[PDB]
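Engineer: So I've got this experimental structure, pasted below with the sequence.
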Amino acid sequence: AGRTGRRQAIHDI
Amino acid sequence: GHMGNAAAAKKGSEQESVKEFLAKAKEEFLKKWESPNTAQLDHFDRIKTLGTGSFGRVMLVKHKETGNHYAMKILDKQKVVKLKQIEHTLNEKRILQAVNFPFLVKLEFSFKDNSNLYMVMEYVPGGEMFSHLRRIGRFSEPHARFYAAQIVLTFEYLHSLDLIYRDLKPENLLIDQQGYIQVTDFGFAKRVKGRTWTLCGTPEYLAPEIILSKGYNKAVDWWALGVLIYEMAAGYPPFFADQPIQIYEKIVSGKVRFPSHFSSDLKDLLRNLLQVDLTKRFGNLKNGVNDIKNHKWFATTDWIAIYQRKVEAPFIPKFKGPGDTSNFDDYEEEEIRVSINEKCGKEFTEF
Ligand SMILES: c1cc2c(cc1[C@@H]1CCC[NH2+]1)OCCO2
């Protein structure tokens, strides 16, 4: 199981 | 050897020609990079939101005077609050104004007001690779390879200019009217002469060295290309979990499993891109990009023909007319509110 929708970038994580 | 006399000489001459091209491309880039408010908001009608992220949104707009359609990225100056968020927005504009390559989206205008920053780019109506991929499931290897080849050439171009891209994923790849790719979203792109240190990107696409808080270089983009090729050919990425922390643990483990339908040539390429050891990762070795371009999986690829856009694309998006948005998903529409008072004027002087 995993993320199937659009994925947001991370800025400092 | 693997190549006969004629093939080996053709490939070497090809590689020298690449060097000649990149040298001219650097000269052209630097002219623009050293010499970077070409419109204003009321010159456009806002039509529809095409995509939305943390700091803003991309809208289809129509230029009032010419009737041309464009994609307008709007960033809320206040929402660009975090330090690395600010610097990143300046990188994005400066890089996009200076680059020129057939698979990179073209910036047409940029401006700012009291509340927002704006970058107006060519509208690419065929939609994101992301939604085509999710709809069909997976691409066949020839189809994936056609898109991959364009990314390899684009990274070879960017990296020759000391630019790292840092956000490869299907969401950021648009399909144009000839079925070729346009890379969008330069929000994390940066000029880096050696290493850089910002922890940024999209979890599923992060190289292990980013996650491990190690200073890193352009090899993170080659790792990301491995993730992208895997996802295009499988329909899901190689490090796949519901929460970012679980994704990171999978990435650093250095374990990848492949669908049984992947060819052995594809698995070999992916093992060499998704390589945690930087002394072994393709794109990061003595031979550079040529280890990728000369790999067996790309043996059928005519690199120059791809660049010249001479290759028949696997898929042409349906085009209903200028300004059609049928190939994009819907998003909630929010007001474009411009405050009476300038916000963050000093922090964005150079934009
Ligand atoms: C849509 C249309 C675009 C665009 C970016 C998008 C969205 C935003 C998030 C990733 N895909 O960049 C400029 C061209 O048109």
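Structural biologist: Perfect, thanks for sending it. Numbers count the residues shown, from 1 in each chain, chains lettered A, B, ... in the order given.

Engineer: alpha carbons only for contacts and neighbour counts from here, please
Structural biologist: Will do.

Engineer: I'd like to know which residues of chain B are adjacent to chain A.
Structural biologist: B:53-54, B:84-85, B:130, B:167, B:171, B:198-203, B:236, B:240-243 (CA under 8 Å from any CA of the partner chain).

Engineer: Name the residues of stretch B:165-185 that come out as buried.
Structural biologist: Neighbour counts over stretch B:165-185 (16 or more other CA atoms under 10 Å in any protein chain shown) mark B:165-177, B:179-185 as buried.

Engineer: List the residues that contact residue B:222.
Structural biologist: B:273, B:282, B:283 (CA atoms under 8 Å, 6 or more residues apart in numbering or on different chains).

Engineer: for it, helix, strand, or coil?
Structural biologist: helix (DSSP: H, G, I helix; E, B strand; the rest coil).

Engineer: Next SSE downstream of the one helix or strand residue B:48 maps to?
Structural biologist: Taking DSSP states H and E as the criterion, residue B:48 maps to strand B:44-52. Using DSSP H and E, the helix or strand that follows strand B:44-52 in sequence is strand B:56-63.

Engineer: Please identify the pairing partners of that next one and their relative orientation?
Structural biologist: strand B:44-52 (antiparallel), strand B:69-76 (antiparallel) (DSSP bridges).

Engineer: wait, isn't residue B:141 in contact with residue B:234?
Structural biologist: No. The criterion here is CA atoms under 8 Å, and residue B:141 misses it with residue B:234 at 9.4 Å.

Engineer: Who has more neighbours out of these two?
Structural biologist: Shown here are residue B:141 and residue B:234; by other CA atoms under 10 Å in any protein chain shown, residue B:234 has more neighbours (22 against 18).

Engineer: Which of the three states applies to the residue lying closest to that one once chain neighbours are set aside?
Structural biologist: In this structure, residue B:234 finds its nearest non-sequential neighbour in residue B:138, 5.6 Å apart by CA to CA, 6 or more residues apart in numbering or on different chains. Put simply, residue B:138 is coil when judged by three-state DSSP.

Engineer: Tell me how far the residue nearest the centre of chain A lies from residue B:325.
Structural biologist: By CA atoms, centre = their mean, the mean C-alpha position of chain A lies nearest to residue A:7, the distance being 3.4 Å. In this view, residue A:7 and residue B:325 are 21 Å apart by CA to CA, to the nearest Å.

Engineer: cool, and residue B:255?
Structural biologist: From residue B:255 to residue B:325 the distance is 40 Å (CA to CA).

Engineer: contacting residues for residue B:121?
Structural biologist: By CA under 8 Å, 6+ apart, the residues touching residue B:121 are B:70, B:71, B:72, B:73, B:105, B:106, B:107, B:108, B:109.

Engineer: Between those residues, which sits nearest residue B:160?
Structural biologist: Nearest to residue B:160 among these is residue B:105, at 18.1 Å by CA to CA.

Engineer: quick one: that closest one from residue B:298, how far?
Structural biologist: 25 Å.

Engineer: of the two, who's got more company?
Structural biologist: Neighbour totals were compared for residue B:105 and residue B:298, and residue B:105 leads with 22 against 19 (other CA under 10 Å).

Engineer: Next, that one: phi, psi?
Structural biologist: phi -60, psi 150 (degrees, to the nearest 10).

Engineer: For it, give me its contacts.
Structural biologist: B:96, B:121, B:122, B:182, B:183, B:184 are the contacts of residue B:105 under CA under 8 Å, 6+ apart.

Engineer: From residue B:92, how far out is it?
Structural biologist: Taken as CA to CA, the span from residue B:105 to residue B:92 is 12 Å.

Engineer: about what we covered before: ok, and which of the strands paired with strand B:56-63 has the densest surroundings?
Structural biologist: Neighbour counts (mean count of other CA atoms under 10 Å in any protein chain shown) averaged over each of the strands paired with strand B:56-63 peak at strand B:69-76, with a mean of 23.

Engineer: which other residues reach it?
Structural biologist: Counting by CA under 8 Å, 6+ apart, B:55-63, B:115-124, B:322-323 sit against strand B:69-76.

Engineer: now do 6 Å
Structural biologist: B:55-62, B:116-123 (CA atoms under 6 Å, 6 or more residues apart in numbering or on different chains).

Engineer: Put the buried members of those into a ChimeraX selection.
Structural biologist: Burial among the contacts of strand B:69-76 is assessed by 16+ other CA under 10 Å; the matching ChimeraX selection reads:
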select /B:56,57,58,59,60,61,62,116,117,118,119,120,121,122,123
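
Engineer: What is the nearest of the contacts of residue B:121 to the ligand?
Structural biologist: residue B:71 (4.7 Å; CA to the nearest ligand atom).

Engineer: partner residues bridging that closest one?
Structural biologist: If you apply DSSP bridges, the partners that residue B:71 bridges to are residue B:60, residue B:121.

Engineer: Against residue B:50, how distant is it?
Structural biologist: 8 Å.

Engineer: Now do the shared contacts for these two.
Structural biologist: residue B:59.

Engineer: sorry, back to before: before we move on, what SS does the residue nearest to the centre of chain A have?
Structural biologist: Assignment for residue A:7 (three-state DSSP): coil.

Engineer: Look up phi and psi at it.
Structural biologist: Taking degrees, to the nearest 10 as the convention, residue A:7 sits at phi -110, psi 130.

Engineer: if we can go back for a sec, just put the strands paired with strand B:56-63 in CSV and tack on distance to the ligand.
Structural biologist: Putting these into CSV (distance: least, CA to the nearest ligand atom, whole Å) gives the following:
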stretch, distance to the ligand
strand B:44-52, 4
strand B:69-76, 5
